[PDB]
Amino acid sequence: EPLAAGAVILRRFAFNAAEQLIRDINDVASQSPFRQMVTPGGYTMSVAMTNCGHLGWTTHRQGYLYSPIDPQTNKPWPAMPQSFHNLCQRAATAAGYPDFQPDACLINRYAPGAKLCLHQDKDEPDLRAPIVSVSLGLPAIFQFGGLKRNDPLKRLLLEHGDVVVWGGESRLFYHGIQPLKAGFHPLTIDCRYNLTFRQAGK
DNA sequence: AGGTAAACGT
DNA sequence: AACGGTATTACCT
Ligand SMILES: [Fe+3]
């Protein structure tokens with residue numbers, strides 16, 4: 001049974017690419033460090049984040065924004081690594097979205113206990129493009145729901161190298177991550193990373 | 001008029 | 001601990 005209309009899980013799709021992806025995460029974060037962003041309402045998110053590509057997702061006093069500039073460094077986000085772009089391209093193609101051209105990659109880091117409450121991806125001006133989401137490291141329980149927050153959730157363990165793609169009918173579905181269980185992974189040691197690719201600009 | 005933010009109790 | 005209230009509002013543009 002497929003994940004949803006327009007949505008697919010490609011299990012271990014990025015397994016072979018994972019070590020390089022992780023090297024590139026570290027490179028990105030060396031320029032735009034992981035930070036736990038503060039919501040408009042004043043709470044510090046449990047997931048630490050950074051971005052690469054032309055646009056990066058950020059919070060600010062007034063809301064959320066995709067910005068060409070990292071508000072912490074006041075410099076552009078690091079360029080999207082070729083490994084990221086290539087893996088995204090292959091995954092998108094395998095998932096039935098051969099024309100996807102991301103201009104934004106949000107990198108999430110989960111420590112034990114870190115979570116991401118249900119939310120929608122809908123801040124992009126062009127909602128025709130899918131989201132490609134790559135899991136690395138420790139396993140996490142991904143919630144994938146529907147258009148409304150109370151729509152029943154599917155709960156999927158996402159393991160190292162799993163890639164999830166949603167778009168078309170499921171593009172705006174709610175999704176989240178349940179508090180990360182402590183554990184060990186040989187590549188990430190004690191955390192989980194996620195890469196979310198988007199087309200956030202024109 | 002619409003778009004926005006949302007991350008405690010049971 | 002899975003589920004759902006809260007934004008059922010108060011502001012912007
Ligand atoms: Fe999301």
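We name chains A, B, ... by the order of the sequence lines, and we start the count at 1 in each one. Just so you know, these numbers use all the heavy atoms, side chains as well, and skip hydrogens, waters and symmetry mates.
As rounded to the nearest Å, C:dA10 and C:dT6 have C1' atoms that lie 14 Å from one another. Here, C:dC11 and B:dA6 have their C1' atoms 16 Å apart, quoted to the whole Å. When the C1' atom is used for both C:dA7 and C:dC12, the distance is 14 Å, rounded to whole Å. Comparing the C1' positions of C:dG5 and C:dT9 gives a spacing of 14 Å, expressed to the nearest Å.
Relative orientation of the A:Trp166 and A:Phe142 rings is tilted, given thresholds of 30° and 60° on the angle between their planes. Taking the six-membered ring where the residue is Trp, A:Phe15 and A:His160 present perpendicular rings, their angle passing 60° and hence far from 30°.
With values rounded to the nearest 0.5 angstrom, A:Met49 atom CE is found 6.5 Å from A:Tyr110 atom OH. Here the CG atom belonging to A:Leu118 is positioned 11.0 Å from the CZ atom belonging to A:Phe144, to the nearest 0.5 angstrom. The OG1 atom of A:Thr188 sits 6.0 Å away from atom CD1 of A:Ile22, with the distance rounded to the nearest 0.5 Å. Remark: A:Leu156 CG to A:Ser135 OG distance equals 10.0 Å, nearest 0.5 Å. For the atom pair CG (A:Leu55) and CE (A:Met80), the distance works out to 9.5 Å, reported to the nearest 0.5 Å. For the atom pair CG (A:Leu158) and CZ (A:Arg11), the distance works out to 8.0 Å, reported to the nearest 0.5 Å.
Put simply, CG on A:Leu65 is 18 Å from P on B:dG3, counting in whole angstrom units. Computed from coordinates, the A:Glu124 CD to B:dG3 P distance equals 15 Å when rounded to whole Å. Here the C1' atom of nucleotide B:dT4 and the CD atom of A:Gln62 are 12 Å apart, to the nearest Å. Rounded to whole angstrom, the span from the NZ atom of A:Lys122 across to the P atom of B:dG2 amounts to 14 Å. Rounded to a whole Å, the CH2 atom of A:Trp57 is 13 Å from the P atom of B:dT4. The nearest whole Å value for the distance from the NE2 atom in A:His60 to the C1' atom in B:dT4 is 11 Å.
Sugar puckers are classed by the sign of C1'-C2'-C3'-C4'; that of C:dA7 comes out south, on the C2'-endo side.
Residue A:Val163 forms a side-chain contact (heavy atoms from CB on, under 4.5 Å) with just one option from A:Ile9, A:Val134, A:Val8, and that option is A:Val134.
Checked against B:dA5, C:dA2, B:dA6, the side chain of A:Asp123 finds its nearest nucleotide in B:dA5. Here C:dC3 is the nucleotide among B:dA7, B:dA6, C:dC3 with the atom lying nearest to any side-chain atom of A:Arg155.
Taking a cutoff of 4.0 Å between a charged side-chain nitrogen and a carboxylate oxygen, A:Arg12 and A:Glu159 qualify as a salt bridge.
The stretch residues 137-151 of chain A touches DNA chain C through A:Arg149, A:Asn150, each having a heavy atom under 4.0 angstrom from the strand. Contacts between residues 103-119 of chain A and DNA chain C, defined by a heavy-atom separation under 4.0 Å, are absent.
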Look for any protein N or O under 3.5 Å of an N or O in nucleotides 11-13 of chain C and output each such pair with its distance, or none.
none

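When Watson-Crick and G-U wobble pairs are counted only if both distances are under 3.5 Å, B:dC8 pairs with C:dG4. Partner assigned to C:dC11 is B:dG3, using Watson-Crick or G-U wobble distances below 3.5 angstrom.
Side-chain polar atoms of A:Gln178 and A:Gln143 form a donor-acceptor pair below 3.5 angstrom.
Side-chain contact check for A:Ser133 versus A:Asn194: some heavy-atom pair is nearer than 4.5 Å.
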